Structure formats: C-alpha cells, structure tokens
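Worksheet: one structure, shown below.
Numbering (the entry's author numbering), first residue to last: 15 to 1146.
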C-alpha cells in the first residue's frame, strides 16, 4: 500500500500541472549581458561571436543548437531564473500563471482527478486536501525543492567508434548545474564499465543531469579542435536526465542521444541514481511508480469499472500499442510517464504484463500479439547503426529482460494449456472464441518470434509444433470424451427417433463385445470432430499452412486412437464372435469408407497398404465359408426345382435350364460383395480369391456331377431335348465361369485361384465331352440297326451293269435308298440338335455321332464279320460276292452324303475334320482294297505282313538256307539264289516211309511270267535231310526286294497218296536288301501268321477265283501243314 499512496500524490502532482500544457520557450536571439554558460551544454555565451538564445519568459539562456534540448518547463524555469536573479514579482506572477494553469486544468478535466481518486480509492475530501497540497508542491516551484543526488555511472553498451583504431576511449562527464565531474576513461571499449559514483547538490528540479559520454582524445588533433569547439573529447552520446524524472534509488539504461548533427551516436548508458528529495525521502523509482499506477489503473478499469472485462481501447496506427485505455485513463499514464521520464517501451511491456493475466478475455490475444510484435519490432529492428545484438539491446530494457522473458514463458505455458483444450476453451459455436483462438496462436507465434528475434534464441519451441502438440493433447482429450460419451453425442446429433437420443450405458457410450453399434456411432462422431476440425479449426488455424492443418492432424490422431482401439476391439470380437458376419462386413464398409475418406489420403497412410483389412479378414473368411454353405444348399434347391420341372430350357434361345441362372446369380451376388470390399491388401485379396475359387469349383462341379449322374437316365428316346439342355447347362456353366474368371480379374487373379478355375474349366470341358459321348452312345443301337438296314438294302445292289434297273438304279438313287434308314434318323435329329444344342454342344455331339456312324458303317457294311466265314474261311464254296464296283460306288456316294449331312452346310462339322477323319480314311482304305489289282493286293500283303519274318511260334523243324540276293550283276534286275542246305528237327515221325523234300516258293508282285516254285530232291527216312541244292528265282525288275518274300515248305513225297506239308517258313527279302547274302536257319511253322490286312487281302484275293496268280497266291498262303505225324495248329 505505501507505494500506492505515494504514486497517487505524484500522479495528482503530475496531472495538476501536466507537461502537455507547459508554456513554450519564447527564444529571442541574445547577446550575453554577463559572461554566461548555456543552461544545457555549458559553453560560454559571450559577445556577438557566442550569441545564444534567451527565452523572454523564463530567461533560460542556451545556444541555438541547445534550445530544443531544453525540455525544462518555461514557467518553472522562469520562476527559478526570476528567483536566482532576485526578481520576486516576476517569480510570483509566474506562480500565478502556474496557479491559473492548475485551476484551468481542474476546471477543464475534473474527471482526471476523480479517476485518480477512484483508481487509488481515496475519499473526495482527502483527495481535495491532497490536491491543495500538490498545488502547493508545484508552487514551491523549485525554490522549495532541493535534493542530494548520488550518480553511479555504471556502464555503457554499444558506444560508437571514433579512434584511428576503429574503437573509442570513452569517459563520462556528469554535470549538475554549477558542478561538473568526470569518470575515469575506459580505453578501447565500446561497452565500458565505470561503476563510478558522484555526489551532487541540486537546488532546482528543472536542472538536468547532463551525462555526456566522450572519447578521450589527448592527441594534437584534439588540442587543435579545442580552439573552435567546446567538446574536444569526440562526443560519443549523452543522456539529459530531467531532475523531476528522478525518484529514490533508480537503476536505468538511458539510450544515448545526438548533441550535434556531426555527432554519430549509438548505445546506452546504465546509471544508478539515488535521489534524496526534500519532502520526498525514500520514494520508489518512477518506473516502479508507473507500474503501480498502470496496474492499479488497469485493475480499476478492468475489474472495478468493467467487472473483469478488459475494455480494449479504440486505437489505430503504429502508436495504437501506446494506447491502453479511454482518453482520461490514457492521459493519466501518459502525463505520469512523460513527466517522470518513463519510456514508451516500458509502458508497453508493463501493459503487456497486465494483459498477460487477462489473456483469456475476448480480443486480448490480438492486442497482446500486436503489442508484442511492437515490443519485438522495437528491440529487434531499431537502429542498425548500433554494434549490439537485439538480445543485448533488450538486456538494456528498464523493464528487465529476465522479467519479460519469464512473463512470456508463463504466458506461453498458459497459452499451451488453453490450446491443449482448444475445442472446449474455444467452442466452434462461438466465432469470436475461434477468433480468440486464432489470436491466441498469433500471440504464441509473436512470443516464439520474440524469442527468435529479440532473445536471439537458437532453438525456441517452434510455434507450429507447440500448437500441433496442443492440438494433439486436445484431440486425445476429445477422443477420450467422445469415447466415454458416444451414445449421448450420437443420439443427440444424428438419431432420427428421439427415444434413442439419451443415456445408453457408459459401456455402450464406450465399447461392447455384443454389438458393434458403439463403433459405428464413434466413427460418425470421429467424422463430426474431424469435420469440425477441417471446417472450423483448420481455417481458424491457418498461420502455418505448410506445417499445421488441424483437419489432417485431427484425422491422423483420431484415426490412430480409433485404430488402436478398433484393432484391440476386433481382436476381441474375433475371440468371441458374438456379432454376425454381416455386421463386421458393414463395419468393414464403414471403416473402409472412413479410412478412404479421411485417412488414405493423409501422407502418413498413403505411405502404407492399409492395416484395417487385416482386422476384418477373419470375419470375411467366416463370411465366405457361410456363403459357401448357403451356396451349396441353395444349389440343391435350385436343382430340385429345375429337376421337378423336368429341366425346361429357360427359353427357345436360353438353351439351358433355370438352375444355372439361379446358381450363377447366387455366385455373382456372393462375388460382388467381396468385390465391393475392394480390399487394398492384395494378399488378403488373394486369400479371399483362393477361398472363393474353391467355393466356385465345389458348387459348379457338384452341379456338373448331379447332372452327369442323372444324364444317362435322360438319354432315353422320349426326352432327347433334356440331355441337350443339360449339356447346354454344362456349357453355360463354362461360359458363365469364363465370365466369372474374368470378373475375378482374369489374368490379374491370384495364381492358385486362377489355377483352380482353369482346372475347373478343363474338368467341365471334359464333363461336356463325356455327356456328349453318353448322349451320342444312346443313338448307337439305332445307328447299328440303321447301318444293318443300310446293309440289307446294299446287298440287293450288286455289280449292276448286268442287273435290273431297281439295282442298276442310278448310283445316286441306290445311295439314297441305302441311306434311307439312317437319313430318317439323321435329318430329324441333327436338325433338332442344331436348334436345341448350343454350338459347342452340337459340334461335340456331331463328332461323337460321326465317328459312331463311320465306325458302324466300316464294321457292319464294309468289313462284315461273316465275310471271314464266306471266303476268308472254309465255311461256304461261294464267291462271297465282293463289294462290286457299283456297291463301291453307292457307298462312296452314301459317305459323301453322310459327310455333307454331318457338314450341314457349315452348321455341322467342318469338311476339313470330316476329310481328315481317320474313321473316314479307314473306311476309304477298306473300300479301296475291294477293287485293287491282284499284284497290288499281293504287294500290299508283302509290305503289310512284315511280321511274317521275325520267329515262327511252335516250330515243326527248321531249314538251313544260304540265300544270295543278286541285284543281278549282269542286268540290274533282281535274282535270288537260294541254296537249300538242309532241314532239321522235322516233327514228322510218320506212319510210313518219310521222304522229305523242300519246296521253295518266291512271293511278291509280277510273278505270272516267272517260275514261282522249286523243290529239292526227296531224301528217304531222314528227319534231318541235307540237300545242298541251289535255286535261282527271278524277281521283277520294278518291285524292290522288300516287295518279296521267300516261302520255304517241307513236304513228305507220297506217290499214290498226296505229298503232305510238313511245315512252312517265310523269309522277308527286305532283310536281304541289306544283308546281300544270308545264312539262316528258318524255323518251320504249321501255317503262316497274319494280321487283319493279310486276312482282308486274302479274302479279297479269294474272290478273284479265276485269276491264276490270285489262285496260286491264295492257294500258297492257304497252304498249311497237313497236320499229322507231328501236329496241326501253330503260334503266331
């Protein structure tokens, strides 16, 4: 309180006689009427050469250059001068002008003295009496003011350089009126420390302490300059402290001022000044008094007048930060400050300290930010001509550097705290609180900038980061809040039934294992918060657009917190599985959406494959399973409907039945769900796809199987359409499966899923082939019956150039008659199938039917097994009747017609398949044999019967031959020398005289003109008869040795009886074509061993029963061992 009361008396004294209505000095040019020293610089005013200015009113005398340094009040100076010259009437007249000025002041502005009175809580009476007392204290002039002054010159900082060295030798002169003293000199230092105390007696508060800093030039140039100018010691700067601005024990940095235009000046001087004023002992410094005034006035204005509200003054321009109050309150502090030397920056740092307590109050952070940007700009920028850091210039603050640093730190912390609950503390529902939030951050920036610029701090906590942390802290607390209040918030903000808006349990305004609804609701609240941050707070907090986006930070933190929680929750749900598959899928869609809407695009998570699908995968897999069962049970339903409906084709162009459509619909529904998940993890997708491909495979094979199992039962004659439809179903599976394979990404599908479906497609292709075969097979008995009827008709056609006109009916008409049984079948069925079968189904059916027809015709018509019996075999002495040229024709034409039928003008099988058909080629081959020439048949026999030259089985002896093929050295024909050496092991211990001889026969083409047979002599009673007899066949010239074979026959010579065949051996002359000559022991057989073509050629040749070559060939091949004396039938 003791300071409060004194500050009140001083403030009344200040404002009763304010500086703003001090009288100006009326300076006449004056020639000094006595040897005079300038009241400001103490230079000799004398004569015309050292004229000064004399103020008429105050009789202060100064140089012209000094008249403006005289801030001394003209009226007080006048009262003093008048006193020091003994002019008492003038003194009293000035005391009367001083009284009238104080009466004017009270009359004009009583509200000042009233506001002082209220700010200091003084009574109107004690105010009026103190007012009378301070009026007298001003009218004491300075005749009744005196002081002792103790001036410790502490230091200067940042002085100018004036020496040849680029430094200075600073010393200080302190002058107080009549007395001049000097510090010792500090050499070479721009930041000198003196710490030197002078004592002075001051009889006049309008004296001025002239503290002049000088460079001590003792040199010749100084001794020269001394003649012309009174300040030889090259002037470094001054401070001119008005003695009215002294109070108690002061400790003050004074910036140094320019005395003259040639003065370069920089830096400050710290002066510790104790002043012992008469009637004002032990008073506080005017800085401390001003602080006390400003604090009381602030607490009065804010708390007492405005109930706590900080009334921001209407103030504009670069001096707005110097306006703290309304006019009256402003004039109080300004007149106090101006009268008592309190610099504007001190006033500001003080008011900033006041505002720092009320920083929560509306608009204050803007004012404070502005004020601090000015305080910043002051210390940071002012005068680059200084050689001192902003931090050191700020260490010369009379507010105290430390104090302001601490003040800013406390404030910065208070701002950090409030920003750590920014949503609550600055609700979006108040734009003004959003603007205070904005200005709270702008103040935090201004503080950080002040730390960076004024304090020159190397690493201040970066404002953007500090705020980002605050935002994180708030977001955490927000997250907690919503995470504790979820149902209330959601109920209120979104729920369309009011009965659901209320207080659902804390465990459901928080997580539940029984239901996901908390999470759904939490997501919508997270969205609401992220949107509020995006929409309200991000525009609000745009100060660091490249470093702070509140919507991004909100999304990141909220998703992070949510994601950790959700991940634990999904893990927990994965254990319990109390909610349904569908619910987790819906949650998955929501989380997917949330993520993809707000999170996917944040750099932090565009940088990743999203992890949330891994939470849901177990649930999607469970769903895929459930879906498989549902699919397989649906399938049996779908099939049972279709089966009961007898498999109607869906329509006359949808050649498949309905169950296909049902099933693929079910599959497609199932697939589309998965596909809509769009799971961003390709391995989880591969897993889903593998899982699902199995589903597909299982279902579709089970379809194919159910069909395949019943298929044969439908292949009966009344339901021909149903097999076609089932084949079309099957094929429609293949088609829809290719669609589905492609819909599953085709080439972009996972390798095992793709493999599975390619497998499935090949299996299904094969099912269709089997079904096509099973179908074609139900026609086989009819095709056989038909082809037997075609055979019954063709038997009536023979070699008809010598037969009646119903069978010498044209080759065409006989072909048509022959075909009629099968064309009744074919035309109807192939035209029906061509309609009701899909084109893939039709082609497969047709191949299976074509083969079946060709083979049936080959077997039943061209090579009927009874033609073994009727001229291959022994059964009937008939000529069999060959396929006659006319019946070879007719058949070849029936076949071209069948081929045209199966071609169906391109609707059936390609002409190319039909022509290349091995079935047709085989049929043509057998046919070609029936007309072929005797020699060509015989050549064919030798070339085909290759196995008649690789070991007789069950031999009846053997023959040693030596054989020399001569590509006859005399002709280039071939001749065959055959030395019959011996026989051995003849199984012929006979019922008589055995008389073996060896017939040798050559066989092959073109032998009609040639000796086909030789024989050895006979040998009596000899199972090992030697012969040593050499024969010489001629071959043709044309046919090579490979067209020929020797046939070696042992016979028992039997006059009266018949010469019994003992045995037979074949030697292929192809071998001899390499060997040139061969010794060989031919094993003897009972009959020659044959293939189908030997036996076919033989039954053909036997029909040529007038051709002598054929007769002898047939006879020769049809020779077998007359069984007896050693056995009947051989092995091949």
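C-beta: ideal position from N, C-alpha, C; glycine also.
For residue i, write down the residues that DSSP places opposite it in a beta bridge.
i, result
"residue 1048", "989"
"residue 1010", "1066"
"residue 1082", "1059"
"residue 229", "184"
"residue 58", "51"
"residue 976", "993 and 1093"
"residue 284", "169 and 267"
"residue 1157", "Since the first residue shown for the chain is 15 and the last is 1146, residue 1157 is missing from the structure and cannot be characterised."
"residue 906", "DSSP, once it has assigned bridges, lists no residue as partnering residue 906."
"residue 1040", "996"
"residue 144", "Answer is none; residue 144 lacks a bridge partner."
"residue 1027", "1015"
"residue 189", "194 and 224"
"residue 6", "No statement about residue 6 is possible, as the shown extent of the chain runs from 15 to 1146 and does not include it."
"residue 75", "68"
Taking Cβ positions, are residue i and residue j nearer each other than 8 Å?
i, j, result
"residue 5", "residue 717", "With the chain running from 15 to 1146 in the structure shown, residue 5 is simply not present."
"residue 226", "residue 187", "yes"
"residue 1112", "residue 886", "yes"
"residue 409", "residue 394", "no"
"residue 75", "residue 36", "no"
"residue 582", "residue 539", "no"
"residue 736", "residue 649", "no"
"residue 684", "residue 641", "yes"
"residue 767", "residue 858", "no"
"residue 264", "residue 299", "yes"
"residue 326", "residue 377", "yes"
"residue 764", "residue 700", "yes"
"residue 311", "residue 347", "yes"
"residue 1144", "residue 1101", "yes"
"residue 336", "residue 362", "yes"
"residue 182", "residue 175", "yes"
"residue 1065", "residue 1126", "no"
Using 8 Å for Cβ pairs, my map puts residue i next to residue j. What's the rounded Cβ distance?
i, j, result
"residue 502", "residue 523", "6 Å"
"residue 194", "residue 210", "Contact doesn't hold; Cβ gap of about 14 Å is too wide."
"residue 1033", "residue 1009", "7 Å"
"residue 149", "residue 30", "6 Å"
"residue 905", "residue 808", "7 Å"
"residue 280", "residue 172", "5 Å"
"residue 220", "residue 257", "7 Å"
"residue 350", "residue 132", "The Cβ separation is near 16 Å, so there is no contact."
"residue 800", "residue 836", "4 Å"
"residue 587", "residue 527", "6 Å"
"residue 1062", "residue 1021", "So it is not a contact: roughly 16 Å between Cβ atoms."
For the ligand GDP, I want to know if residue i counts as a neighbour, meaning its beta carbon is within less than 7 Å of at least one of the ligand's heavy atoms.
i, result
"residue 495", "In the structure on display, the ligand GDP does not appear, and there are no ligands present to speak of."
Worksheet item: Looking at C-beta atoms only, is the number of pairs between the stretch 481-488 and the stretch 429-436 that lie closer than 8 Å three or more?
Response: Taking a cut-off of 8 Å for Cβ pairs, the stretch 481-488 and the stretch 429-436 touch, as three or more such pairs fall below it.
Practice prompt. Scan the stretch 779-854 and note each continuous alpha helix (DSSP H) run of 4 residues or more that stays entirely inside, going in chain order.
Written response: Whole alpha helix (DSSP H) segments, 4+ residues: 794-808 and 825-850.
Worksheet entry | Ordered list of alpha helix (DSSP H) runs contained in the stretch 670-711, each at least 4 residues | Here the runs fully enclosed are 672-691.
Discussion item. List, from N- to C-terminal side, the alpha helix (DSSP H) runs of 4 residues or more that fit wholly inside the stretch 315-400.
Written reply: Secondary structure within the stretch 315-400: the alpha helix (DSSP H) runs of 4 or more consecutive residues, fully enclosed, are 341-353, 358-371 and 378-395 (chain order).
Discussion item. Would you call the stretch 89-98 in contact with the stretch 122-134, where contact means no fewer than 3 C-beta pairs closer than 8 Å?
Written reply: No: fewer than three Cβ pairs fall under 8 Å.
Discussion item. Ignoring anything shorter than 4 residues, give me the alpha helix (DSSP H) runs that lie fully in the stretch 85-138, in order along the chain.
Written reply: List check, alpha helix (DSSP H) in window: 88-98, 102-122 and 124-133.
Fill in: Ranges of the alpha helix (DSSP H) found wholly within the stretch 440-521, counting only runs of at least 4
For secondary structure counted as the alpha helix (DSSP H) over 4 or more consecutive residues, the stretch 440-521 holds these complete runs in sequence order: 445-467 and 477-508.
Worksheet item: Are the stretch 973-991 and the stretch 1023-1032 touching by the rule of at least three beta carbon pairs closer than 8 Å?
Response: The stretch 973-991 vs the stretch 1023-1032: no contact.
Discussion item. I want to know whether the stretch 907-927 touches the stretch 1080-1098 - three or more CB-CB distances under 8 Å.
Written reply: Touching, no.
Item to complete: Evaluate the contact criterion for the stretch 382-390 versus the stretch 50-70: three or more CB pairs, one atom per stretch, below 8 Å.
Response: Taking a cut-off of 8 Å on C-beta distances, the stretch 382-390 does not touch the stretch 50-70, as fewer than three cross pairs fall below it.
Worksheet item: Is it a yes or a no for the stretch 104-114 touching the stretch 275-285, going by three-plus beta-carbon pairs under 8 Å?
Response: Output reads no: the stretch 275-285 does not touch the stretch 104-114.
Discussion item. Would you call the stretch 66-85 in contact with the stretch 41-48, where contact means no fewer than 3 C-beta pairs closer than 8 Å?
Written reply: The stretch 66-85 vs the stretch 41-48: in contact.
Worksheet item: Should the stretch 971-988 be regarded as contacting the stretch 996-1015, the criterion being three or more beta carbon pairs within less than 8 Å?
Response: Flag = yes, the stretch 971-988 and the stretch 996-1015 touch.
Discussion item. Would the stretch 553-561 count as touching the stretch 441-460 if we require 3 or more Cβ pairs under 8 Å?
Written reply: Yes, the stretch 553-561 touches the stretch 441-460.
Worksheet item: Is it true that the stretch 563-573 meets the stretch 607-614, where meeting means three or more beta-carbon pairs spaced less than 8 Å apart?
Response: Touching, yes, given that three or more Cβ pairs across the two stretches are closer than 8 Å.
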